[PDB]
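Below is one structure, written out as structure tokens, with a few remarks after it.
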Protein chains: 2
Amino acid sequence: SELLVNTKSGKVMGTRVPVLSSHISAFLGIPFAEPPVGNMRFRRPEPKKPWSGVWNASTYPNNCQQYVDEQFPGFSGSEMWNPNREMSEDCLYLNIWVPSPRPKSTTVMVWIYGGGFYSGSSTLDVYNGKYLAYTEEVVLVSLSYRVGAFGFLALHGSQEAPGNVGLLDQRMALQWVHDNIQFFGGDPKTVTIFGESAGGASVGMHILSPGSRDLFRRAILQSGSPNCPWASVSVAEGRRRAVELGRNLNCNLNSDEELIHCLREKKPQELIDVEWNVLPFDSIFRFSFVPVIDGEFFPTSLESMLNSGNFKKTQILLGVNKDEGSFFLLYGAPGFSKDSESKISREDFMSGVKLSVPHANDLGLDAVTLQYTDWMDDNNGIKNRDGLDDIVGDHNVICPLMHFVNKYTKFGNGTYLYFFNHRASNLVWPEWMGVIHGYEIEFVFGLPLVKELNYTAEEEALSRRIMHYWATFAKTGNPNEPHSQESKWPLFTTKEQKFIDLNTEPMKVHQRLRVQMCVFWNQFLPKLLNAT
Amino acid sequence: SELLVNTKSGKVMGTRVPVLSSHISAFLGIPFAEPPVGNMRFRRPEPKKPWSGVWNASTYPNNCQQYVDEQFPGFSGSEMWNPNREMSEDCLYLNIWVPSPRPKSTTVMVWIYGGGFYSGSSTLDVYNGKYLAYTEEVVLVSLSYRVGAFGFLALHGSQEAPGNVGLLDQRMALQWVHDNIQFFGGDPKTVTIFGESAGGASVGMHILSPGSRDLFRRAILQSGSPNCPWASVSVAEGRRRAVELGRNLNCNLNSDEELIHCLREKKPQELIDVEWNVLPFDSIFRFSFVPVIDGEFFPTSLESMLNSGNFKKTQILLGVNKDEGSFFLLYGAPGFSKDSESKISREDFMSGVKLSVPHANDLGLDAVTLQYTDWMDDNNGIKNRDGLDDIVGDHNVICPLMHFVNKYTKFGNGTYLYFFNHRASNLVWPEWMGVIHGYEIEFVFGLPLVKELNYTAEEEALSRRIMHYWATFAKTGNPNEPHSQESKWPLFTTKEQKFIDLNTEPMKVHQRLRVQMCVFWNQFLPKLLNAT
Ligand SMILES: *[C@@H]1O[C@H](CO)[C@@H](O[C@@H]2O[C@H](CO)[C@@H](O[C@@H]3O[C@H](CO)[C@@H](O)[C@H](O[C@H]4O[C@H](CO)[C@@H](O)[C@H](O)[C@@H]4O)[C@@H]3O)[C@H](O)[C@H]2NC(C)=O)[C@H](O)[C@H]1NC(C)=O
Ligand SMILES: *[C@@H]1O[C@H](CO)[C@@H](O[C@@H]2O[C@H](CO)[C@@H](O[C@@H]3O[C@H](CO)[C@@H](O)[C@H](O[C@H]4O[C@H](CO)[C@@H](O)[C@H](O)[C@@H]4O)[C@@H]3O)[C@H](O)[C@H]2NC(C)=O)[C@H](O)[C@H]1NC(C)=O
Ligand SMILES: *[C@@H]1O[C@H](CO)[C@@H](O[C@@H]2O[C@H](CO)[C@@H](O[C@@H]3O[C@H](CO)[C@@H](O)[C@H](O[C@H]4O[C@H](CO)[C@@H](O)[C@H](O)[C@@H]4O)[C@@H]3O)[C@H](O)[C@H]2NC(C)=O)[C@H](O)[C@H]1NC(C)=O
Ligand SMILES: *[C@@H]1O[C@H](CO)[C@@H](O[C@@H]2O[C@H](CO)[C@@H](O[C@@H]3O[C@H](CO)[C@@H](O)[C@H](O[C@H]4O[C@H](CO)[C@@H](O)[C@H](O)[C@@H]4O)[C@@H]3O)[C@H](O)[C@H]2NC(C)=O)[C@H](O)[C@H]1NC(C)=O
Ligand SMILES: COc1cc2c(cc1OC)C(=O)/C(=C/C1CCN(Cc3ccccc3)CC1)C2
Ligand SMILES: COc1cc2c(cc1OC)C(=O)/C(=C/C1CCN(Cc3ccccc3)CC1)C2
Ligand SMILES: *[C@@H]1O[C@H](CO[C@@H]2O[C@@H](C)[C@@H](O)[C@@H](O)[C@@H]2O)[C@@H](O)[C@H](O)[C@H]1NC(C)=O
Ligand SMILES: *[C@@H]1O[C@H](CO[C@@H]2O[C@@H](C)[C@@H](O)[C@@H](O)[C@@H]2O)[C@@H](O)[C@H](O)[C@H]1NC(C)=O
């Protein structure tokens, strides 16, 4: 049967699912590791022991234990990101959508969710793979991985909580796909990994990590890059946070073994309740338990790896949304609210600046302020608001990505860069937030093709075009149809630095994406903070 | 007789001079101090001993000993600034132009020449007072003062070369005018002092200095302000330069008395030949012998005087030209030449930056570079050229003036600010230099009213208008005619910071003159250089 697939871990049975007037097969909730429970909490994942019988893969798995947003109860704009299944530490599963009839050897795309390394779920409506799998004839996988302290608590030197285990979860799922996707009709030599935000950083981290590179062919990074200032900590900062987490739960702190034992006795919600207490600064766009630069997953600093070409050389497609900062200001900074235009006073601007760049001395804060203030009109509330939005977006997403892309392109085999600046017509967040972090994802997974969801015809066309770029890139390493009459997305090269806008208008090509602001964040400010 | 005037120093006889189809009287070369020669070299000036007989004041006096520009021999653009009389240490004289018939009590305007404190002459064609005196019915005085080491050599603690004597020269001429201008028909209570560049700084310095303030009523500063980074040095830096000057001339350096004695034996040209050797940095827009912050002429630092309101409170009219930097780049920086468009390579840009801000550490140089580079187009030769022109103008003239004007306005009794951006149609310097430092002076002295000099009709009108603003300001403290139908130059206030463009087009009013760049030079960069 089409819904029966025999794999090297055992048989699995999927389910036929309707999609846009047709059908495909879905295999939901396949386990790829042993449940990381009890004394395995905080440990490297172990491969799932093979099963006899037929593994029922007709329904979505549990989501990993995580912080749940309750800021806007019942509001679809926030709740679209929250877990839509029960949470459990028993959450290492993946999902596969397969065209019908079963292909023989087709391009595979593996989705790595974002969520700041502290949240996220493979089961969200907006990550449903059926539209993309159906429309573009790809086998679409979404994996899962431990987040929060369960994924990232790091006591370097210990084997019981080494750190990075959530990244090892992702890698184990990609090993599973490498080993098994052939039985589903996928081609294991044309596996493209793709992700957004922390998921994009994660993609980058597998490009870098020697122990993951061989498992995939090429890569798409959306609004995230491995060098983002929020995406990793040093082993000392990681240890500090794990000890502070212990302090918050009245743990014995005298040794790794005492702390870990104490942390493993706690219910998952107890860790989540105090997780945000361990951050060293009052800050926005900063998460507590993130990847650690350990010497093992990452053999040296990310900057030395990037500079020396210590990474997988392949093709990458990547980009950013216009207003990356807005979500984090809404949730994290004074004077930004959901139902107000959120015009900002000089005083909320200056506070915002300090929250945005937590590691900065006063001179550094004055440099950032100068760089984004219009001194002809320094009391404009709108300008102050948009200015902070740009500070946050630039520092945390756009400029780290630009630096990644410039470094990667020197050694890699083909780079395509985009700037997504179309605000969805049915966006339920306010207008001041603009083209918000995350809101390209619906276009990439083809939601606008569904009439009920209330997108325009032009948004449908934009989504079709995005999907086809993403899938043709995954198939061939180039998002353009070799002999199309359609306008061509050119390659980003070192010299010319080209990129395209992705929106409903005819394709425009530009050069040197936010270069003015990125020289400030990537070259001048770090030099400034180093000299003081 | 009209050409005979009896003064408290003695009688003087002037000469009738033709001007624009009419005539006025001129009294040229009146002495105001004893010749500062022999053992009086470097000393405070002494008042001229009164004379019997009639002092022949029919011809211009000698110019003070100074460096003479030979870079473009015979070229009118440079030679218009060089001494047009014989040079002599016997050079403390003034010139007076008086309407005909002799007025009873009319507004007096006293011109203080520029020249970087190392050069300048009261006798230049472009400073001829006859047009202004005639057209606006003012008594026009131009004074002179010692420049170079003769005016500014400073060995603080010594009475033989205290420093600032060139400023005491100016003050002695203003004392003379205060005491005597009544005999010429001038009103000693409506004396306006005005000057350009070093002359403008000098005006500012008399506003500040307690020992000069009572001698005049109000003030005009053109492209110069007392706080300019080139216009003064500390007593330690002054001493250092006077000792280095001595080193250059194989002087005994063991005491002030040995050094000064040695320096007084030298011919004037020997000092001038090595004067530029004493500058501490490789720099542009920096002159060797300038005013010293001594505790006496200036009782405390210029910034504390400005902050505390320790200055004369009156009305001031002041402004800048659009391309103040260009002259100094031409003369001082590699890649700028007179007969080339002077497009500048990245490497000549970076060199230029370092010459422009000599006191700056590397981080400071990177800050200035960032502030003026368009990173979308960083190899444009034109942009690099114009960018350096702006750096030089901003740092040295515009931003110090903006800071002066903002500080002064808090305590003063009325401020009028202009931005002169009309390039003379007959300018003989190249186009790349734009609206060059010094080239408003011809409009202020009414040269465009003279047909032979080849200005347009619109330039004539612009000059008439400028002259009438300057003279009505001197008369009343307000450059506008109380009940004119003409457009009004508004007052610069603390809150609104208004200014006007001076050019051939209908008056436009704007606010916050180069505020973006001036926050950088006036607030951020100094903070940066202080923290390193
Ligand atoms: C991604 O990587 C692929 C695969 O590595 C890479 O394709 C390579 O491109 C180069 C062209 O730069 C090819 O090298 C040429 O091969 C031919 C015949 O095989 C030679 O005769 C060529 O030499 C001539 O031309 C040279 C100019 O580059 C001269 O230097 C020389 O003196 C000769 O006149 C030349 O070596 C190479 O074979 C391909 N390989 C394949 C399989 O296509 C591709 O360009 C990379 N893409 C990106 C965006 O980086
Ligand atoms: C696509 O667009 C359509 C067309 O606009 C849209 O349908 C609308 O959806 C909302 C669903 O929430 C409907 O609003 C409800 O209407 C009923 C009946 O009048 C009310 O009882 C509801 O009020 C309850 O809930 C409120 C808000 O949650 C509370 O504040 C209140 O106390 C009640 O508890 C509620 O207002 C609306 O009627 C339709 N509009 C039309 C014209 O049909 C659809 O949802 C969009 N589709 C998608 C997938 O987004
Ligand atoms: C330059 O300096 C001149 C001279 O010093 C200065 O002119 C002064 O302006 C003020 C107006 O601010 C005058 O003060 C007023 O005088 C009248 C009558 O003599 C008083 O009745 C006034 O009091 C009323 O209004 C006040 C509002 O300012 C209220 O505070 C008060 O309660 C009353 O209702 C007031 O004190 C002052 O007399 C003049 N002096 C002269 C000679 O004009 C001028 O404004 C300065 N110019 C600039 C640009 O700074
Ligand atoms: C106002 O504009 C008028 C009209 O253009 C202008 O008159 C011009 O002035 C210059 C004065 O230098 C004249 O040029 C000279 O002409 C004679 C005769 O043809 C030549 O012998 C001269 O050559 C000598 O000097 C040269 C440059 O200095 C040397 O390079 C050469 O070897 C010779 O030594 C010289 O070229 C020119 O003739 C007139 N033009 C006209 C049309 O009358 C006037 O000067 C302007 N007025 C002011 C005050 O600027
Ligand atoms: C409980 O404390 C915090 C919670 C949050 C933030 C900060 C917090 O404390 C400093 C924050 O910035 C937050 C930002 C939003 C990021 C974007 N997500 C939605 C999203 C998820 C995955 C990929 C794209 C968008 C909503 C929360 C949430
Ligand atoms: C001999 O050495 C130098 C000579 C000069 C400069 C620099 C020098 O060495 C560092 C300089 O900047 C110079 C600039 C110019 C300033 C503007 N003047 C004309 C002018 C004089 C008074 C008022 C306005 C303009 C011409 C020379 C001249
Ligand atoms: C496979 O699963 C289908 C849906 O299962 C649902 O969730 C699981 C955990 C059970 O609790 C089940 O009763 C729920 O309906 C079933 O409809 C289907 O019968 C199952 N098929 C087989 C062969 O087990
Ligand atoms: C006053 O001066 C006029 C111009 O003087 C000129 O320069 C002086 C220094 C003398 O050298 C003189 O011969 C030059 O002509 C004379 O024309 C005029 O005669 C003088 N008048 C009197 C009364 O001395």
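Residue numbers start at 1 in each chain; chains themselves are named A, B, ... in the order of the structure tokens; ligands are numbered from 1 in the order shown.
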>> Using only C-alpha atoms and all ligand atoms, which residues have at least one atom no more than 8 Å from ligand 2? Output them as a PyMOL selection string.
In response: chain A and resi 74+426+452-454
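Around range 251-261 of chain A, within 9 Å and counting only C-alpha atoms, the residues found are residues 39, 42, 155, 157, 158, 160, 161, 242, 243 and 245 of chain A, once anything fewer than 6 positions away on its own chain is removed.
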Please dump the current selection as a compact mmCIF listing (two decimals), in the first residue's frame; keep N, CA, C and O atoms.
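Contents of again.txt, as written:
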# COMPACT_ATOMS: atom_id res chain seq x y z
N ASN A 39 16.43 10.24 33.45
CA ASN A 39 17.87 10.44 33.48
C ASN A 39 18.49 10.80 32.12
O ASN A 39 19.64 11.16 32.08
N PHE A 42 18.47 16.40 29.32
CA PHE A 42 19.71 17.18 29.11
C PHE A 42 20.82 16.40 28.38
O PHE A 42 21.82 17.00 27.93
N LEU A 155 26.50 22.61 30.68
CA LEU A 155 27.58 22.52 31.72
C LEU A 155 28.81 21.86 31.10
O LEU A 155 29.08 20.65 31.18
N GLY A 157 32.01 20.17 29.92
CA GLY A 157 32.87 19.27 30.70
C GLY A 157 32.09 18.10 31.27
O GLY A 157 32.66 17.07 31.58
N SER A 158 30.79 18.27 31.43
CA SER A 158 29.95 17.23 31.89
C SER A 158 29.44 16.54 30.67
O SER A 158 29.23 17.17 29.61
N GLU A 160 26.65 14.72 31.12
CA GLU A 160 25.25 14.56 31.46
C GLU A 160 24.41 15.77 30.93
O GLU A 160 23.21 15.60 30.70
N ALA A 161 25.07 16.93 30.71
CA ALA A 161 24.44 18.18 30.18
C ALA A 161 25.51 18.96 29.44
O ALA A 161 25.97 20.06 29.88
N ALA A 242 23.31 28.09 33.81
CA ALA A 242 22.75 26.86 34.34
C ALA A 242 22.83 26.83 35.87
O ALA A 242 21.96 26.32 36.52
N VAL A 243 23.88 27.37 36.41
CA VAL A 243 24.00 27.54 37.84
C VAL A 243 22.90 28.53 38.36
O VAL A 243 22.20 28.22 39.32
N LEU A 245 20.08 28.98 37.04
CA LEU A 245 18.81 28.30 36.96
C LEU A 245 18.66 27.44 38.18
O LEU A 245 17.60 27.38 38.79
>> Counting only C-alpha atoms and all ligand atoms, what are the residues, protein, DNA or RNA alike, that approach ligand 7 to within 9 Å? I want them as a ChimeraX atom specification.
In response: /A:13-15,54-59
>> Counting only C-alpha atoms, a student should be able to say which residues of chain A come within 9 Å of chain B; what is the right answer, written as number ranges by chain?
In response: A: 363, 366-367, 370-371, 373-376, 511-512, 514-516, 519-520, 524, 527-528, 531-532
>> as a ChimeraX atom specification, please: every protein or nucleic acid residue near ligand 3 (cut-off 8 Å, counting only C-alpha atoms and all ligand atoms).
In response: /B:314-315,412-415,491
Those residues you just picked out, can you put them in a file as a PDB file, in the first residue's frame with N, CA, C and O atoms?
ATOM      1  N   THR B 314      24.970  91.138  23.618  1.00  0.00           N
ATOM      2  CA  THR B 314      24.597  92.159  22.652  1.00  0.00           C
ATOM      3  C   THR B 314      23.994  91.415  21.499  1.00  0.00           C
ATOM      4  O   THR B 314      23.532  90.296  21.721  1.00  0.00           O
ATOM      5  N   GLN B 315      23.916  92.039  20.332  1.00  0.00           N
ATOM      6  CA  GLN B 315      23.370  91.432  19.155  1.00  0.00           C
ATOM      7  C   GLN B 315      24.565  90.961  18.314  1.00  0.00           C
ATOM      8  O   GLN B 315      25.625  91.627  18.290  1.00  0.00           O
ATOM      9  N   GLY B 412      22.413  86.097  25.062  1.00  0.00           N
ATOM     10  CA  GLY B 412      22.642  87.316  24.299  1.00  0.00           C
ATOM     11  C   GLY B 412      21.384  88.031  23.950  1.00  0.00           C
ATOM     12  O   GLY B 412      20.327  87.589  24.262  1.00  0.00           O
ATOM     13  N   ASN B 413      21.506  89.130  23.225  1.00  0.00           N
ATOM     14  CA  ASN B 413      20.328  89.951  22.993  1.00  0.00           C
ATOM     15  C   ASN B 413      19.831  89.983  21.580  1.00  0.00           C
ATOM     16  O   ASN B 413      19.031  90.852  21.215  1.00  0.00           O
ATOM     17  N   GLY B 414      20.189  88.973  20.764  1.00  0.00           N
ATOM     18  CA  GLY B 414      19.642  88.920  19.404  1.00  0.00           C
ATOM     19  C   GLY B 414      20.701  88.375  18.400  1.00  0.00           C
ATOM     20  O   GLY B 414      21.789  88.976  18.236  1.00  0.00           O
ATOM     21  N   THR B 415      20.345  87.289  17.728  1.00  0.00           N
ATOM     22  CA  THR B 415      21.225  86.513  16.829  1.00  0.00           C
ATOM     23  C   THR B 415      20.539  86.371  15.489  1.00  0.00           C
ATOM     24  O   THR B 415      19.346  86.049  15.456  1.00  0.00           O
ATOM     25  N   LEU B 491      15.058  86.164  13.532  1.00  0.00           N
ATOM     26  CA  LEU B 491      15.948  85.957  14.585  1.00  0.00           C
ATOM     27  C   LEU B 491      16.165  84.432  14.798  1.00  0.00           C
ATOM     28  O   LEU B 491      15.221  83.627  14.705  1.00  0.00           O
TER      29      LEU B 491
END
>> For a test of reading the model, state the distance in Å between CA of residue 331 in chain A and CA of residue 430 in chain A, rounded to one decimal.
In response: 13.3 Å
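As for CA of residue 240 in chain A and CA of residue 437 in chain A, they are spaced 29.9 Å apart.
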>> Within 12 Å of ligand 4 (counting only C-alpha atoms and all ligand atoms), which residues show up? I'd like them as JSON, numbers by chain.
In response: {"B": [72, 73, 74, 75, 76, 77, 80, 125, 425, 426, 427, 428, 447, 448, 450, 451, 452, 453, 454, 455, 456]}
> Neighbours of ligand 6 within 6 Å, counting only C-alpha atoms and all ligand atoms, as a ChimeraX atom specification?
Replying inline: /B:81,114-115,284-285,327-328,331-332,437-438
Go ahead and dump the residues you just picked, C-alpha atoms, as a JSON list (two decimals), in the first residue's frame.
[["chain", "number", "residue", "atom", "x", "y", "z"],
["B", 81, "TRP", "CA", 45.21, 87.91, -0.46],
["B", 114, "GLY", "CA", 41.53, 87.18, 8.46],
["B", 115, "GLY", "CA", 44.49, 85.10, 7.31],
["B", 284, "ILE", "CA", 45.64, 70.85, 7.40],
["B", 285, "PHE", "CA", 43.85, 74.06, 8.59],
["B", 327, "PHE", "CA", 40.99, 76.15, 0.06],
["B", 328, "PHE", "CA", 42.72, 74.13, 2.78],
["B", 331, "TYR", "CA", 46.81, 73.93, -0.35],
["B", 332, "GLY", "CA", 47.34, 71.12, 2.15],
["B", 437, "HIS", "CA", 36.04, 80.46, 2.12],
["B", 438, "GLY", "CA", 36.50, 84.21, 1.73]]
Neighbours of range 350-355 of chain B within 9 Å (only C-alpha atoms; same-chain residues fewer than 5 positions away dropped), as a PDB file with C-alpha atoms, in the first residue's frame?
ATOM      1  CA  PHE B 281      51.104  67.209  13.642  1.00  0.00           C
ATOM      2  CA  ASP B 282      50.959  66.704   9.904  1.00  0.00           C
ATOM      3  CA  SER B 283      47.729  68.585   9.461  1.00  0.00           C
ATOM      4  CA  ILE B 284      45.645  70.853   7.397  1.00  0.00           C
ATOM      5  CA  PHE B 285      43.845  74.056   8.594  1.00  0.00           C
ATOM      6  CA  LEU B 329      42.486  70.903   0.835  1.00  0.00           C
ATOM      7  CA  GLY B 332      47.344  71.124   2.148  1.00  0.00           C
ATOM      8  CA  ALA B 333      46.127  67.707   1.047  1.00  0.00           C
ATOM      9  CA  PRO B 334      47.321  65.207  -1.604  1.00  0.00           C
ATOM     10  CA  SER B 345      40.971  57.798  -4.471  1.00  0.00           C
ATOM     11  CA  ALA B 360      42.373  61.714  16.484  1.00  0.00           C
ATOM     12  CA  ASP B 362      42.288  55.385  14.931  1.00  0.00           C
ATOM     13  CA  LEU B 365      39.375  58.407  12.285  1.00  0.00           C
ATOM     14  CA  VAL B 368      34.737  60.462  10.841  1.00  0.00           C
ATOM     15  CA  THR B 369      35.104  58.146   7.834  1.00  0.00           C
ATOM     16  CA  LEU B 388      36.610  65.700   2.456  1.00  0.00           C
ATOM     17  CA  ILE B 391      34.858  67.217   6.695  1.00  0.00           C
ATOM     18  CA  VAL B 392      37.254  70.139   6.640  1.00  0.00           C
TER      19      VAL B 392
END
> Which neighbours of range 496-504 of chain A fall inside 9 Å, counting only C-alpha atoms, when residues of the same chain fewer than 3 positions from it are skipped, and could you give them as a PyMOL selection string?
Replying inline: chain A and resi 319+406+416-423+458-459+461-462+466+489-493+507-513
Pull N, CA, C and O atoms from the residues just selected and write them as a CSV table (one decimal), in the first residue's frame.
chain,number,residue,atom,x,y,z
A,319,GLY,N,17.7,35.3,3.1
A,319,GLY,CA,17.2,36.6,3.2
A,319,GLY,C,16.5,37.0,4.5
A,319,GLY,O,16.5,36.2,5.4
A,406,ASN,N,28.3,37.6,3.3
A,406,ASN,CA,29.5,38.1,2.6
A,406,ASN,C,30.7,37.1,2.9
A,406,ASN,O,31.5,36.8,2.0
A,416,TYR,N,22.0,33.1,-3.3
A,416,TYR,CA,20.9,33.9,-3.7
A,416,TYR,C,20.2,34.6,-2.5
A,416,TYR,O,19.9,34.0,-1.5
A,417,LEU,N,20.1,36.0,-2.6
A,417,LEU,CA,19.8,36.8,-1.4
A,417,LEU,C,18.5,37.5,-1.7
A,417,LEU,O,18.3,38.1,-2.8
A,418,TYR,N,17.5,37.5,-0.8
A,418,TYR,CA,16.3,38.2,-0.9
A,418,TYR,C,16.0,39.2,0.2
A,418,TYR,O,16.5,39.1,1.4
A,419,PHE,N,15.1,40.1,-0.1
A,419,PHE,CA,14.5,41.1,0.9
A,419,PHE,C,13.0,41.0,0.8
A,419,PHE,O,12.4,41.4,-0.3
A,420,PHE,N,12.4,40.4,1.7
A,420,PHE,CA,10.9,40.2,1.7
A,420,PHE,C,10.3,41.4,2.3
A,420,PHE,O,10.5,41.7,3.5
A,421,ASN,N,9.5,42.2,1.5
A,421,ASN,CA,8.9,43.4,2.0
A,421,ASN,C,7.5,43.6,1.6
A,421,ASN,O,7.0,44.7,1.5
A,422,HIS,N,6.7,42.4,1.6
A,422,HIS,CA,5.3,42.5,1.4
A,422,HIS,C,4.6,42.2,2.7
A,422,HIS,O,4.7,41.1,3.3
A,423,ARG,N,3.8,43.1,3.2
A,423,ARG,CA,3.0,42.9,4.3
A,423,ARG,C,1.6,42.2,3.9
A,423,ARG,O,0.9,42.8,3.1
A,458,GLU,N,-3.1,38.4,-5.8
A,458,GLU,CA,-1.7,38.7,-6.0
A,458,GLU,C,-0.8,38.0,-4.9
A,458,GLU,O,0.4,37.8,-5.2
A,459,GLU,N,-1.3,37.8,-3.8
A,459,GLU,CA,-0.6,37.1,-2.7
A,459,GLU,C,-0.5,35.6,-3.0
A,459,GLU,O,0.6,35.0,-2.7
A,461,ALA,N,-0.4,34.5,-6.1
A,461,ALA,CA,0.7,34.4,-7.1
A,461,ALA,C,2.1,34.6,-6.5
A,461,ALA,O,3.1,33.9,-6.9
A,462,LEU,N,2.3,35.5,-5.5
A,462,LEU,CA,3.5,35.7,-4.8
A,462,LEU,C,3.9,34.4,-4.1
A,462,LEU,O,5.1,33.9,-4.2
A,466,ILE,N,7.2,32.2,-4.8
A,466,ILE,CA,8.2,31.8,-3.7
A,466,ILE,C,8.4,30.4,-3.6
A,466,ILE,O,9.5,29.9,-3.4
A,489,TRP,N,16.5,35.8,-11.0
A,489,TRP,CA,17.1,36.2,-9.8
A,489,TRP,C,18.6,35.9,-9.9
A,489,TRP,O,19.0,34.8,-10.0
A,490,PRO,N,19.3,37.0,-9.8
A,490,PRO,CA,20.7,36.8,-10.0
A,490,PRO,C,21.5,36.4,-8.8
A,490,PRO,O,21.0,36.6,-7.7
A,491,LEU,N,22.6,35.8,-9.0
A,491,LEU,CA,23.5,35.3,-8.0
A,491,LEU,C,24.1,36.6,-7.3
A,491,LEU,O,24.4,37.6,-7.9
A,492,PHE,N,24.2,36.4,-5.9
A,492,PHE,CA,24.9,37.3,-5.1
A,492,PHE,C,26.3,37.0,-5.3
A,492,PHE,O,26.7,35.9,-4.9
A,493,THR,N,27.1,37.9,-5.7
A,493,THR,CA,28.6,37.7,-5.7
A,493,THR,C,29.2,38.7,-4.9
A,493,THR,O,28.7,39.8,-4.5
A,507,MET,N,9.8,42.0,-10.3
A,507,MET,CA,11.1,41.8,-9.6
A,507,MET,C,12.0,43.0,-9.8
A,507,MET,O,12.2,43.4,-10.9
A,508,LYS,N,12.6,43.5,-8.8
A,508,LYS,CA,13.7,44.5,-8.9
A,508,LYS,C,14.9,43.8,-8.2
A,508,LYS,O,14.7,43.1,-7.2
A,509,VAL,N,16.0,44.2,-8.7
A,509,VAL,CA,17.3,43.8,-8.3
A,509,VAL,C,18.0,45.0,-7.8
A,509,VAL,O,17.9,46.1,-8.3
A,510,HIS,N,18.7,44.8,-6.7
A,510,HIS,CA,19.5,45.9,-6.0
A,510,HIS,C,20.8,45.4,-5.6
A,510,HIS,O,21.0,44.2,-5.7
A,511,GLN,N,21.6,46.2,-5.0
A,511,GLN,CA,22.9,45.9,-4.5
A,511,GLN,C,23.1,46.4,-3.0
A,511,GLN,O,22.6,47.4,-2.6
A,512,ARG,N,23.9,45.6,-2.3
A,512,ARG,CA,24.5,46.0,-1.0
A,512,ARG,C,23.3,46.3,0.0
A,512,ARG,O,23.2,47.5,0.5
A,513,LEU,N,22.6,45.3,0.3
A,513,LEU,CA,21.5,45.3,1.3
A,513,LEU,C,21.9,45.9,2.7
A,513,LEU,O,22.7,45.4,3.4
> In range 139-177 of chain A, what's alpha helix (DSSP H) per DSSP? Answer as a PyMOL selection string?
Replying inline: chain A and resi 149-152+165-177
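Among A:169, A:442, A:179, A:347, the residue with the shortest atom-to-atom distance to ligand 5, counting only C-alpha atoms and all ligand atoms, is A:442.
Coordinates place CA of residue 61 in chain B at a distance of 6.6 Å from CA of residue 93 in chain B.
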> Restricting the calculation to only C-alpha atoms and all ligand atoms, which member of A:342, A:316, A:287, A:94 is positioned closest to ligand 1?
Replying inline: A:316
Neighbour list for residue 399 in chain B as a JSON list (two decimals) with C-alpha atoms, in the first residue's frame, cut-off 9 Å, only C-alpha atoms, skip fewer than 2 positions in-chain:
[["chain", "number", "residue", "atom", "x", "y", "z"],
["B", 228, "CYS", "CA", 37.54, 77.10, 16.21],
["B", 393, "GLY", "CA", 34.53, 72.84, 6.52],
["B", 394, "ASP", "CA", 32.47, 71.17, 9.23],
["B", 395, "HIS", "CA", 35.21, 70.46, 11.66],
["B", 396, "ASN", "CA", 37.01, 73.73, 11.34],
["B", 397, "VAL", "CA", 34.38, 76.42, 10.63],
["B", 401, "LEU", "CA", 30.30, 78.31, 14.70],
["B", 402, "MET", "CA", 27.12, 76.42, 15.33],
["B", 403, "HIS", "CA", 28.26, 75.59, 18.78],
["B", 404, "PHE", "CA", 29.24, 79.22, 19.43],
["B", 514, "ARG", "CA", 24.04, 71.22, 9.45],
["B", 515, "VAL", "CA", 22.72, 69.87, 12.70],
["B", 517, "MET", "CA", 27.06, 66.69, 11.15],
["B", 518, "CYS", "CA", 27.41, 69.21, 14.04],
["B", 519, "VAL", "CA", 26.09, 66.80, 16.67],
["B", 521, "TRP", "CA", 31.62, 67.05, 15.72],
["B", 522, "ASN", "CA", 30.33, 68.93, 18.79]]
